[PDB]
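Right, one structure below, let's go through it.
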Amino acid sequence: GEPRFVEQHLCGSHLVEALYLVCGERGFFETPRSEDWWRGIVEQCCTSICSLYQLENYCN
């Protein structure tokens with residue numbers, strides 16, 4: 001029952017800070033992603049709900 005599996009609404013600064021926390025800047029985000037990739041993250045985490053663990057899998 002780890003808290004990182006609790007889904008929530010990641011919008012605005014919450015989503016930016018969550019990406020810095022679980023995905024980091026070095027590695028995945030060192031290469032710019034696509035606008036469609038960013039559309040899917042906002043859709044799955046801001047419009048819908050996603051967990052920090054689910055967000056980590058988007059960055060592999």
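Chain labels A, B, ... are given in the sequence in which chains occur in the structure tokens; within each chain residues are numbered consecutively from 1, and ligands are likewise numbered from 1 in the order shown.
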Report task. Excluding region 35-43 of chain A and any residue of its chain fewer than 6 positions from it, enumerate the residues within 12 Å of it, using only C-alpha atoms, and give them as a list in words. Result ->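 Listing them by chain and then by number gives residues 9, 10, 11, 12, 13, 14, 15, 16, 18, 19, 29, 49, 50, 51, 54, 55, 56, 57, 58 and 59 of chain A.
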Written file, previous selection with N, CA and C atoms, as a CSV table (one decimal), in the first residue's frame:
```
chain,number,residue,atom,x,y,z
A,9,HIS,N,-5.3,14.3,-9.5
A,9,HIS,CA,-5.3,15.2,-10.6
A,9,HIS,C,-4.0,16.0,-10.6
A,10,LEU,N,-3.2,15.8,-11.6
A,10,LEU,CA,-1.9,16.5,-11.7
A,10,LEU,C,-2.0,17.6,-12.8
A,11,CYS,N,-2.3,18.8,-12.3
A,11,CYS,CA,-2.5,19.9,-13.2
A,11,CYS,C,-1.7,21.1,-12.9
A,12,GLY,N,-1.3,21.9,-13.8
A,12,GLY,CA,-0.6,23.1,-13.6
A,12,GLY,C,0.8,22.8,-13.0
A,13,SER,N,1.1,23.5,-11.9
A,13,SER,CA,2.4,23.3,-11.3
A,13,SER,C,2.6,22.0,-10.7
A,14,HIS,N,1.4,21.3,-10.3
A,14,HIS,CA,1.5,20.0,-9.7
A,14,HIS,C,2.1,19.0,-10.7
A,15,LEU,N,1.7,19.1,-11.9
A,15,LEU,CA,2.1,18.2,-13.0
A,15,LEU,C,3.6,18.4,-13.3
A,16,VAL,N,4.0,19.7,-13.4
A,16,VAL,CA,5.4,20.0,-13.7
A,16,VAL,C,6.3,19.5,-12.6
A,18,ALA,N,5.6,17.1,-10.4
A,18,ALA,CA,5.6,15.6,-10.4
A,18,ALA,C,6.6,15.0,-11.4
A,19,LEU,N,6.7,15.6,-12.6
A,19,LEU,CA,7.6,15.2,-13.6
A,19,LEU,C,9.1,15.3,-13.1
A,29,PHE,N,13.7,13.6,-20.5
A,29,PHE,CA,13.3,14.9,-20.9
A,29,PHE,C,14.5,15.7,-21.4
A,49,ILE,N,-7.2,11.0,-14.0
A,49,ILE,CA,-6.3,10.9,-12.8
A,49,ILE,C,-5.3,9.9,-13.1
A,50,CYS,N,-4.0,10.1,-12.6
A,50,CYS,CA,-2.9,9.2,-12.7
A,50,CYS,C,-2.1,9.3,-11.4
A,51,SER,N,-1.4,8.2,-11.1
A,51,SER,CA,-0.5,8.1,-9.9
A,51,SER,C,0.9,8.5,-10.3
A,54,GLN,N,2.3,5.6,-12.1
A,54,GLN,CA,1.9,5.6,-13.5
A,54,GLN,C,2.6,6.6,-14.3
A,55,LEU,N,2.9,7.8,-13.6
A,55,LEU,CA,3.6,8.8,-14.3
A,55,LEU,C,5.1,8.4,-14.6
A,56,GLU,N,5.6,7.6,-13.7
A,56,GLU,CA,7.0,7.2,-13.9
A,56,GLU,C,7.1,6.2,-15.1
A,57,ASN,N,6.1,5.5,-15.3
A,57,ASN,CA,6.1,4.5,-16.5
A,57,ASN,C,6.0,5.2,-17.8
A,58,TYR,N,5.5,6.5,-17.8
A,58,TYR,CA,5.5,7.2,-19.1
A,58,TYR,C,6.9,7.7,-19.5
A,59,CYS,N,7.8,7.9,-18.5
A,59,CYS,CA,9.1,8.2,-18.8
A,59,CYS,C,10.1,7.0,-18.8
```
Report task. Quick one: pick out all helix (DSSP H, G or I) residues within chain A from a backbone DSSP run and write them as a PyMOL selection string. Result -> chain A and resi 3-5+13-22+35-47+52-59
Query raised in the report: What is the distance, in Å and to one decimal place, between CA of residue 4 (chain A) and CA of residue 21 (chain A)?
Result: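 Between these atoms lies a distance of 11.5 Å.
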Requested in this report: Just the residues within 9 Å of residue 3 (chain A), please, counting only C-alpha atoms, with nothing from its chain fewer than 2 positions along; format it as a VMD selection string.
Outcome: chain A and resid 1 5 to 6 51 to 52
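Interatomic distance, CA of residue 27 (chain A) to CA of residue 53 (chain A): 17.3 Å.
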